[PDB]
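Below is one structure, written out as structure tokens; comments come after it.
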Amino acid sequence: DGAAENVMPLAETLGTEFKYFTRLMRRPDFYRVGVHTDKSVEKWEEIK
Amino acid sequence: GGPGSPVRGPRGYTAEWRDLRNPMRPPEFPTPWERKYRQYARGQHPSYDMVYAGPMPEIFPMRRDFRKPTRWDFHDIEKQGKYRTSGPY
Amino acid sequence: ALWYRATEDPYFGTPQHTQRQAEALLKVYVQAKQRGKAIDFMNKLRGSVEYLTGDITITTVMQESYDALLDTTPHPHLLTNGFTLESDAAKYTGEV
Amino acid sequence: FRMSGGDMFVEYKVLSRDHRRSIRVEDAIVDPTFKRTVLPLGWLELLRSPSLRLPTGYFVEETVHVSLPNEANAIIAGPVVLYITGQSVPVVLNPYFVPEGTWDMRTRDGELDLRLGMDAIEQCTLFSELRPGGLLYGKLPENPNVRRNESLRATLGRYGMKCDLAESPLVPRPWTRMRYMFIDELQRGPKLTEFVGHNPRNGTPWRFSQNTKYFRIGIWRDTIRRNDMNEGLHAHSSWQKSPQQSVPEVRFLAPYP
Amino acid sequence: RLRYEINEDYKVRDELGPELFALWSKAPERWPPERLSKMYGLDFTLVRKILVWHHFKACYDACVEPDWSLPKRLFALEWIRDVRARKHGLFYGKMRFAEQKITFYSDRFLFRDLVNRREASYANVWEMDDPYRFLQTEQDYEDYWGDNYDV
Amino acid sequence: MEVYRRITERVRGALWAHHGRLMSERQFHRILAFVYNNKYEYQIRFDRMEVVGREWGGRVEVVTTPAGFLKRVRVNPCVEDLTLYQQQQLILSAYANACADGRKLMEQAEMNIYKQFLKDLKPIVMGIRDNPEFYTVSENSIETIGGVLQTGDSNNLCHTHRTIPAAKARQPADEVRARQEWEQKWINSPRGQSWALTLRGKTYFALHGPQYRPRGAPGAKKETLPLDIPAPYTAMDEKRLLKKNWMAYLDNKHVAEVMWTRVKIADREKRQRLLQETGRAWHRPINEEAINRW
Amino acid sequence: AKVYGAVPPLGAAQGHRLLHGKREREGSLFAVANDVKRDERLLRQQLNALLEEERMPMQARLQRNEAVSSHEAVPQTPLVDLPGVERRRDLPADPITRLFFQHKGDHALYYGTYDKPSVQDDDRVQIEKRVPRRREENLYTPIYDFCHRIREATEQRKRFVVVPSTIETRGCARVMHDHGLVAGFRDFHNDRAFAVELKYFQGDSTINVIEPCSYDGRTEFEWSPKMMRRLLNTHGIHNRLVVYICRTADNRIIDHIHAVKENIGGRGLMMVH
Amino acid sequence: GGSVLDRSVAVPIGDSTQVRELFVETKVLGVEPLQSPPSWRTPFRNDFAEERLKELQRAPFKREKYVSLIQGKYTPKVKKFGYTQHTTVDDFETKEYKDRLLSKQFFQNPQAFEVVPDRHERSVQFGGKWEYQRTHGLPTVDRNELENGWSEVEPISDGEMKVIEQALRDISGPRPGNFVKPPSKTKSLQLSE
Amino acid sequence: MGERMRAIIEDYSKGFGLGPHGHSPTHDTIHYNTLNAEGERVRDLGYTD
Amino acid sequence: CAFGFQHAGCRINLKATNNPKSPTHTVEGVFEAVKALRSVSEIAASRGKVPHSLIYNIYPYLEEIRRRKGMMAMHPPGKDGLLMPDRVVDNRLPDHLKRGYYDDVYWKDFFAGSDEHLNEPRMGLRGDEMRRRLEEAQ
Amino acid sequence: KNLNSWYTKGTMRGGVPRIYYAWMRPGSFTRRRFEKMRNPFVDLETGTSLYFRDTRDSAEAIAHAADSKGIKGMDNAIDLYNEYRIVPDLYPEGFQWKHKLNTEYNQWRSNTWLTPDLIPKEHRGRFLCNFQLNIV
Amino acid sequence: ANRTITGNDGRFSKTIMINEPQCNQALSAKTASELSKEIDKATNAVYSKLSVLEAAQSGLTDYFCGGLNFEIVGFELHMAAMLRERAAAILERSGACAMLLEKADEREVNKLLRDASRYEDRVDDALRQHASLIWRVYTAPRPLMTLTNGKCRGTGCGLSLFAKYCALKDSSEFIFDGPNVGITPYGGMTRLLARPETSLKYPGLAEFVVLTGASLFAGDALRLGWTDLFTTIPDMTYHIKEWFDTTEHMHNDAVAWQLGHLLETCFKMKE
Amino acid sequence: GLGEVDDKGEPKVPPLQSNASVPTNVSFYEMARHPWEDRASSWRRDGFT
Ligand SMILES: [Mg+2]
Ligand SMILES: [Mg+2]
């Protein structure tokens with residue numbers, strides 16, 4: 001809601017983040033493509 | 001029987017693999033182990049050692065120990081003379 | 001001490017106290033002119049397990065010797081059977 | 001320990017000697033008609049823990065006759081340790097292990113009809129329940145020594161009783177038996193503990209008094225010239241210049257006066 | 001000359017009435033030393049000492065005899081430390097400070113036990129603090145009762 | 001423990017701050033001890049019952065006492081085929097759900113405990129603020145050697161509240177006596193007659209008659225007037241100490257003072273935090289004349 | 001009468017050997033003898049098993065339980081990983097403000113010996129090997145000199161010492177840092193040297209005295225387990241104050257207390273308290 | 001008694017005759033087991049007749065004045081807290097408890113109960129040297145009653161809470177004399193020294 | 001005799017609670033009544049209606 | 001023995017015939033030695049380690065680590081324990097009000113000789129009590 | 001085993017007495033400055049905001065997810081009378097009782113009070129003890 | 001065992017330094033489950049007044065902590081998928097925990113599948129161990145001060161900001177990102193971003209940082225009141241060590257003052 | 001069939017229920033009350049006879 005009460009505490013926030021992380025990491029998007037996205041330049045040099 | 005004693009010497013699964021069993025699964029015949037013992041046996045029972053023992057207090061105080069007359073306590077300097085008394089007792 | 005050692009000893013001991021041991025002890029107390037101990041012991045006895053089981057009993061002989069000694073030795077607050085009147089206590093009491 | 005139907009129900013824990021193996025019993029009758037407490041034979045093998053001191057699980061294993069319910073129909077085995085919920089002291093049984101044939105107590109579903117005998121009551125605070133006025137008195141086996149229906153004050157009257165507790169002004173009141181309680185840390189502090197001898201355990205707490213041979217010349221010198229300091233062995237004496245004498249149980253940490 | 005006393009907050013006079021004697025009288029089992037010891041702002045050895053004295057005063061007051069094994073039960077750890085010391089250095093008495101071992105533990109030495117305690121769980125509270133959890137092997141049961149030739 | 005110790009120290013310190021009374025260490029710890037034993041009793045009774053958490057579908061069932069002790073685990077044979085890792089996580093998360101339910105119950109119980117505790121402090125607390133001499137000044141009002149200065153701003157914003165009736169004293173005792181007068185008034189009337197024969201009536205007399213408790217039955221056997229401990233009018237632990245030894249006087253005095261100070265500092269911290277959260281206060285001192293210019 | 005801990009509770013087929021009392025089989029003296037012996041020995045065997053369970057070290061026990069804990073039905077094959085995560089990492093050190101450069105363990109081919117060191121840390125001075133100028137003189141050990149360096153740098157209240165780097169030397173360092181006689185230490189895989197950091201307390205050192213066991217390398221002192229056990233005992237009280245340090249037949253550098261623990265005898269190095 | 005355990009004993013209502021001639025309405029709720037009434041609702045195990053008689057024989061004494069036989073005495077005698085002499089509160093003490101207690105007290109020493117007391121000295125004891133194990137402490141209450149039988153707690157509302165902690169945060173506001181102590185309140189020091 | 005006297009007096013007369021600057025009178029770095037700054041502040045104001 | 005040593009033993013100069021030996025030397029030596037002695041507790045603190053003898057003190061801590069599970073690990077929901085002041089309360093009264101204030105609770109003239117509780121200490125006092133005051137004044 | 005037998009140690013010196021301790025050294029006995037809070041630490045006040053670090057989050061200290069509410073552990077005083085003593089006591093409290101003057105304590109318990117010239121200033125009223133003198 | 005986590009102890013102080021300069025301080029599953037052990041071993045120690053956690057960086061790396069290693073995670077997720085692919089392939093070659101009519105194929109299908117699930121279990125484990133480590137830091141019994149020197153990716157953000165003493169040097173930084181790597185942010189900082197406080201002071205900032213991967217720094221962590229403490233002093237760690245060496249008793253008054261004085265003099269900003 | 005639903009929706013192998021409820025008679029303050037006056041407080045007062 002945004003009320004000082006309705007915000008999730010730390011325990012539920014980690015669990016929630018986990019729910020989302022777990023569900024997204026399956027999709028080829030993350031593991032097949034985005035993980036290699038941030039590699040350095042000479043990393044990509046060596047791989048190519 | 002120690003370190004000076006004569007030495008004792010020495011893909012798939014072995015016959016030692018089978019007998020073994022996960023403690024999560026219920027065992028063979030349900031021998032009623034006391035929970036406390038199986039805690040201690042497995043190393044997870046909270047220690048009470050002699051290291052956690054402080055001073056052993058005097059609770060009920062004994063008695064007044066009254067002065068017991070010795071041979072060095074005499075109201076005359078005689079009887080303590082060198083020809084009689086070698087020491088207090 | 002003997003009375004404790006009678007149930008304590010593994011080899012020569014009885015599991016519970018026999019009658020014999022009870023009247024023997026009581027007889028000793030009587031024969032020592034030991035008053036307080038005789039009383040307490042008697043009461044303790046009838047408070048025991050052996051007594052409620054029926055194993056140990058108070059007999060007539062124990063009872064009457066107990067009473068005899070009760071009579072013949074000084075009681076703290078009162079005068080007792082077997083207190084000999086002193087003729088000369090009139091010096092203080094005033095009565096002969 | 002609770003009451004129903006006129007009798008006692010106690011929870012207890014049976015245990016091997018090494019306390020390796022254990023069984024809880026929830027509601028056990030406490031019935032003092034049993035010379036010795038009876039268990040089912042099925043447990044004999046459950047409670048057997050073969051330690052180093054007892055290579056076989058038990059010290060004593062025998063056959064006996066003992067048909068109370070209802071020629072060797074049972075087994076005496078022990079020792080076995082028994083913790084009753086009420087009591088601080090373990091009670092060590094050597095119980096009758098009875099097979100199903102000799103006596104079978106299945107009596108109500110799930111209910112094994114166990115009870116506790118005088119084997120175990122003699123060793124408890126439960127024993128105090130066996131004396132006149134207690135809750136086990138009714139169920140004692142009939143004797144010349146125990147009268148069934150007499151009121152308590154009647155019986156106690158017959159023994160010693162006259163009045164209520166400490167009712168006569170001649171007998172002191174029970175609670176003045178102890179007035180002061182001595183705890184060093186809440187009052188006056190710890191003792192100053194010295195010794196003369198070999199150890200603290202081998203000697204006396206006492207120093208030697210002034211009447212000693214070697215102390216007299218010194219103590220003299222101290223009585224005469226009091227203000228100057230004086231050599232001697234007269235120091236080691238229980239007597240000295242200072243108002244505070246050395247004798248045992250000086251409380252030296254005291255904020256006195 | 002006897003005027004003053006250390007520690008004025010607990011007076012010997014006021015421990016004459018024993019605390020909550022109307023409760024632990026009636027089921028002395030459900031009342032381990034902990035429940036009471038939350039009462040005193042003192043340290044451990046002193047407060048168990050005091051609890052012993054309470055039990056004794058109380059018993060003498062109700063005209064019954066006190067449990068003499070209570071000082072063994074509250075001080076149990078000390079009892080066994082002493083039995084075993086006496087066994088080791090051969091002497092009869094109470095082990096005092098000069099005779100303690102000179103071992104120096106690391107700072108985190110207590111960790112194993114600390115996670116064992118923090119994670120322990122108990123079916124009921126009696127199991128939590130019973131008097132005898134100090135004991136596991138038979139040796140322990142032998143040293144804790146050597147004195148009663150009964151037990 | 002903690003929440004309680006904070007409040008008790010609030011009470012002790014306030015007791016010496018406002019009037020010259022000291023609370024005996026004995027007393028201070030015995031309050032706490034009662035909170036503790038309360039909790040303990042709640043634990044005693046809480047272990048007689050069980051809580052059931054469940055994971056996937058109903059496939060994984062975990063039975064656990066609210067304290068968190070694990071009792072039984074029922075499992076579908078479907079689980080047996082997973083992996084030890086996933087079996088572990090599954091039972092673990094069931095266990096977590098049990099702990100959730102148990103801990104919900106528990107927290108209700110705790111709220112109950114807090115309430116009984118407050119009720120038990122109330123004769124003391126009220127006891128200090130319900131006196132003809134008790135007063136406070138606003139916290140933002142400057143204080144100088146003679147006395148306290150007026151805070152200038154918004155002459156409307158400052159309202160002095162008064163707890164006490166200014167005419168002749170009406171104490172809580174009088175109110176409880178009023179209550180039992182209306183109890184007897186209702187009872188003794190017709191229509192209070194027919195009500196006392198109802199189930200509502202016998203419920204009321206079940207719970208709130210003490211006078212009918214048979215001898216030896218647990219609980220209070222009379223109805224009690226509320227406790228009266230007027231703070232400035234009752235000497236407590238300072239009188240005994242001041243007679244016996246001055247040193248312990250000065251030390252107990254000291255403690256009460258220090259506790260008071262500590263409490264006040266905490267209240268300043270919470271104030272500060274609440275002030276930063278709403279963004280009226282910065283995160284580092286920007287105003288040093290509010291500190292250095294004294 | 002509810003019973004917890006026995007579900008079956010009464011076995012019907014089960015009755016004791018003495019109670020059922022089947023008529024005793026008559027064995028020939030051969031039978032009776034063989035049975036008395038085999039069961040005597042299975043009692044011997046049992047007694048052994050119990051004694052081993054008693055004497056098992058805690059480490060062994062813990063290992064046992066989290067071994068059984070993780071155990072699955074099939075003995076699963078290892079999973080292929082990243083090219084490696086398994087290189088022992090290189091201990092962190094600062095390049096700029098430094099005693100010595102922390103040398104990579106990947107350069108292991110470059111390294112020399114204590115005797116013939118490969119060129120590294122050119123900007124620091126190099127410690128020299130200490131050797132006799134003539135015959136009667138003692139033959140020094142990089143233990144002797146290790147100890148006297150530490151001693152002297154403790155006297156001048158220095159915070160760091162550079163010290164000779166051989167095996168039993170950094171062994172001794174680890175032992176001392178265990179017992180908390182030394183603030184810390186590092187080997188940079190420098191060949192000649194490594195560096196120790198000294199600890200002070202209350203104005204003076206944490207080290208009263210530190211002495212080598214042997215003045216020469218030509219003298220080698222052997223410590224029996226009983227001797228090392230004597231050190232521990234101060235007239236009946238167990239005393240771990242002073243630390244004595246050993247080589248083992250196994251090339252480990254140990255204190256005397258672990259040694260006594262497992263009853264191994266070892267060669268003396270030094271003593272420090 | 002407010003409680004779950006507090007239900008009464010078995011009581012007579014007459015034959016079918018007087019029962020149809022007693023109850024007008026009857027409404028039933030499903031069967032559940034019998035709880036044996038607690039010890040304090042049980043009339044035969046609780047009977048106080050002897051102590052009631054003791055009260056009555058002393059009843060005329062209760063109607064006269066209180067007068068000190070030390071004349072010149074005014075100040076009241078202090079009775080301290082927790083002393084066993086002054087305890088009025090029985091929680092579980094029935095006739096049952098009082099007799100169990102009586103007997104244990106009597107076999108402790110008999111000479112407490114004699115109007116003229118004989119010499120009381122300790123003699124031996126039949127249980128052993130450790131007999132205290134089978135004797136000591138006070139008679140124990142049955143645990144079912146200890147735990148379950150307690151009155152229902154009158155529910156505390158949130159209103160009374162809100163008020164109490166209001167009063168709590170009223171007393172935590174500052175008093176004007178504490179920070180800088182007036183020179184006027186620091187003259188007031190007296191010691192018994 | 002003097003030092004004991006001073007000790008008692010300084011202890012009984014010490015202030016506590018929080019002053020206008022938010023801190024105790026014994027606080028480490030921040031102070032109250034510097035060079036009788038409050039004494040003078042009362043001097044020139046005076047307490048009157 | 002002057003120090004109270006039971007278990008110490010001490011030797012001066014190997015053989016007792018070794019120079020220098022003076023009574024001065026014999027005293028000053030043992031005093032030197034004893035002055036160089038390090039106590040064990042001090043040694044243990046020196047290395048940053050806990051002495052075996054002192055560990056018992058951690059026991060109550062470690063104890064209620066173990067005993068904290070459930071219901072004693074519980075803190076009341078919503079309640080921190082720090083209750084900030086908000087309003088300003090003053091119950092003080094003019095004196096003629098607090099003269100007759102308590103007289104149905106306690107006795108009349110409750111505030112009589114009370115100087116802090118009254119701005120007028122002498123009110124309500126009957127004459128002779130007022131006289132007592134000036135009487136000890138002179 | 002050890003055969004050294006703590007029972008039999010020690011040497012009899014004849015009449016010469018000596019002190020021994022039942023448990024700890026007597027200076028270490030009364031700990032009152034940490035008990036009654038007489039130490040500078042408490043007065044400087046500086047670090048007392050740290051009892052309340054939990055306040056640094058408002059919505060948490062209400063909701064009690066984390067069990068550490070306090071400086072050393074679960075809460076501010078779990079213990080407070082025991083734990084701190086695990087540090088070896090280097091600088092023990094000693095004798096604090098002020099009910100008499102130093103000179104009156106000294107006078108009563110020490111012979112040294114009779115010889116005020118033989119004692120240097122720093123030790124003047126400081127001894128509670130009797131001193132033997134031995135002229136070598 | 002791995003020389004990943006190294007430490008330096010004084011009398012009363014404890015320094016735990018994460019050493020992984022190669023991965024930019026990204027903690028592996030094992031190394032995190034390890035750090036939870038070192039952190040609370042150091043935190044439940046008897047003589048620790050303060051336990052300081054920081055990044056040991058030999059000048060190779062400026063990160064204080066990375067997140068989970070995304071290289072590892074991505075790798076084994078990819079392997080897991082590959083095995084689902086082969087298993088599916090032969091499941092469709094026979095079709096043209098998977099129970100079949102054919103023993104050979106049931107066999108190797110179930111082998112492949114079981115292994116896939118093992119990989120995924122290692123990922124799962126990594127996430128669990130990180131989250132639990134964060135919890136460890138949050139619930140530490142004795143004071144744990146996190147000296148944050150250099151950058152943090154998500155779960156590293158979590159590791160630094162939730163210690164009850166979190167100091168920021170200037171170099172400290174927070175990158176909560178990862179929709180940029182095609183994933184949702186992890187590390188708990190989400191709570192901090194959604195506190196009603198942050199909505200008050202910086203409305204819209206929460207979405208700014210969650211959507212756009214964008215760094216936050218010392219100043220903004222301070223203004224949001226995420227942490228209270230800040231310092232410009234070189235090598236604070238040494239000074240903390242040697243300050244707590246001169247410190248004396250263990251009574252919580254002494255501790256309170258010592259810690260508090262240290263905080264007031266350096267980490268709280270005055271003058 | 002622990003979580004496995006049946007044909008018409010009923011549970012196969014009926015699921016386990018929790019008996020836990022907040023006990024309502026448990027206030028400690030009336031368990032240990034004042035030794036003579038019956039008030040439920042923790043307040044120690046020394047009365048007069
Ligand atoms: Mg372990
Ligand atoms: Mg010569």
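Note on naming: chains are A, B, ... as they come in the structure tokens, residues start from 1 per chain, ligands start from 1 in the order shown.
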
Just the residues within 12 Å of residue 63 of chain C, please, counting only C-alpha atoms, with nothing from its chain fewer than 6 positions along; format it as number ranges by chain.
C: 23, 26-27, 30, 38-39, 42-43, 57, 69-70

Take the residues from that selection and put them in a file with N, CA, C and O atoms, as a short mmCIF file (atom, residue, chain, number, x, y, z; two decimals), in the first residue's frame.
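Okay, this is what ended up in selection27.cif:
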data_model
loop_
_atom_site.label_atom_id
_atom_site.label_comp_id
_atom_site.auth_asym_id
_atom_site.auth_seq_id
_atom_site.Cartn_x
_atom_site.Cartn_y
_atom_site.Cartn_z
N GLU C 23 12.97 -54.67 68.71
CA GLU C 23 12.86 -54.79 70.16
C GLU C 23 14.24 -54.81 70.83
O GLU C 23 14.37 -54.42 71.99
N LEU C 26 15.11 -51.04 71.11
CA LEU C 26 14.30 -50.45 72.15
C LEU C 26 14.79 -50.86 73.52
O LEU C 26 14.87 -50.04 74.44
N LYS C 27 15.12 -52.15 73.65
CA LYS C 27 15.68 -52.65 74.89
C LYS C 27 16.98 -51.91 75.25
O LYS C 27 17.19 -51.58 76.42
N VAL C 30 15.98 -48.43 76.62
CA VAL C 30 15.51 -48.68 77.98
C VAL C 30 16.66 -48.86 78.96
O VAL C 30 16.67 -48.28 80.04
N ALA C 38 14.07 -43.07 73.21
CA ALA C 38 13.05 -44.12 73.27
C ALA C 38 11.73 -43.65 72.69
O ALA C 38 11.10 -44.34 71.88
N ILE C 39 11.31 -42.46 73.11
CA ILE C 39 10.07 -41.89 72.60
C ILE C 39 10.11 -41.75 71.09
O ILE C 39 9.25 -42.30 70.36
N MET C 42 10.11 -44.93 69.13
CA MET C 42 8.82 -45.62 69.13
C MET C 42 7.88 -45.03 68.09
O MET C 42 7.28 -45.76 67.26
N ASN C 43 7.78 -43.71 68.12
CA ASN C 43 6.92 -43.03 67.16
C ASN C 43 7.37 -43.27 65.71
O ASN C 43 6.56 -43.60 64.84
N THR C 57 5.80 -55.35 64.68
CA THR C 57 4.68 -54.97 65.53
C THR C 57 5.21 -54.43 66.85
O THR C 57 6.39 -54.59 67.16
N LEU C 69 10.29 -47.35 81.65
CA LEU C 69 11.34 -46.34 81.52
C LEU C 69 10.76 -44.93 81.42
O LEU C 69 11.36 -43.97 81.91
N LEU C 70 9.59 -44.80 80.78
CA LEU C 70 8.90 -43.52 80.73
C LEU C 70 8.69 -43.02 82.14
O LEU C 70 8.92 -41.85 82.44
#

Spatial neighbours of segment 33-45 of chain M, max dist 8 Å, only C-alpha atoms, sep filter under 4 positions, as a VMD selection string:
(chain F and resid 27 30 to 31 34 120 220 to 222 224 227) or (chain H and resid 81 to 82 86 to 89) or (chain M and resid 29)

Env. residues ligand 2 / 10 Å / only C-alpha atoms and all ligand atoms / as a list in words
residues 16, 17, 18, 19, 20 and 21 of chain J

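Near ligand 1, the residues found within 6 Å are residues 43 of chain B; 112 and 113 of chain E (criterion computed using only C-alpha atoms and all ligand atoms).
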
Quick one: contact table of chain K to chain A, 8 Å max, nearest atom pair and distance in Å to one decimal per residue, counting only C-alpha atoms, chain and number order, as a Markdown table?
| residue | atom | partner | partner_atom | distance |
| --- | --- | --- | --- | --- |
| K:59 | CA | A:4 | CA | 6.8 |
| K:60 | CA | A:9 | CA | 7.4 |
| K:65 | CA | A:11 | CA | 7.8 |

Residues just named, written with N, CA and C atoms as a short mmCIF file (atom, residue, chain, number, x, y, z; two decimals), in the first residue's frame:
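Done, and the output landed in result-v7.cif:
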data_model
loop_
_atom_site.label_atom_id
_atom_site.label_comp_id
_atom_site.auth_asym_id
_atom_site.auth_seq_id
_atom_site.Cartn_x
_atom_site.Cartn_y
_atom_site.Cartn_z
N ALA K 59 9.74 1.04 11.96
CA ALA K 59 8.73 0.02 11.68
C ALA K 59 9.18 -1.39 12.06
N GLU K 60 10.48 -1.56 12.27
CA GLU K 60 11.00 -2.83 12.75
C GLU K 60 10.89 -3.05 14.26
N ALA K 65 11.27 -8.77 14.27
CA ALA K 65 11.73 -9.93 13.51
C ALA K 65 13.10 -10.41 14.00
#

Output as a PyMOL selection string all residues of segment 18-256 of chain L that backbone DSSP marks as alpha helix (DSSP H).
chain L and resi 29-43+70-94+103-139+154-161+189-194+196-201+205-211+218-223+236-246+252-256

Sorted per-residue table, chain J near chain H, closest atoms and distance, 9 Å, only C-alpha atoms, as a tab-separated table:
residue	atom	partner	partner_atom	distance
J:82	CA	H:169	CA	8.7
J:83	CA	H:169	CA	5.3
J:84	CA	H:169	CA	5.8
J:85	CA	H:169	CA	5.0
J:86	CA	H:169	CA	7.3
J:87	CA	H:170	CA	7.0
J:88	CA	H:170	CA	7.3
J:89	CA	H:170	CA	6.7

Per residue of segment 25-140 of chain E within 8 Å of segment 79-82 of chain K, record the nearest atom pair and its distance in Å to one decimal, counting only C-alpha atoms, with rows in chain order and ascending residue number, as CSV.
residue,atom,partner,partner_atom,distance
E:41,CA,K:81,CA,7.4
E:42,CA,K:81,CA,6.3
E:43,CA,K:81,CA,5.2
E:44,CA,K:82,CA,7.1

Name the residues in contact with residue 114 of chain G at a cut-off of 8 Å, using only C-alpha atoms, excluding same-chain residues fewer than 6 positions from it; report them as a PDB file with C-alpha atoms, in the first residue's frame.
ATOM      1  CA  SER G 165      61.787 -18.525   5.635  1.00  0.00           C
ATOM      2  CA  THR G 166      62.434 -22.324   5.895  1.00  0.00           C
ATOM      3  CA  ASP G 191      62.475 -17.272  -0.777  1.00  0.00           C
ATOM      4  CA  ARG G 192      64.759 -15.996   1.946  1.00  0.00           C
TER       5      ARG G 192
END
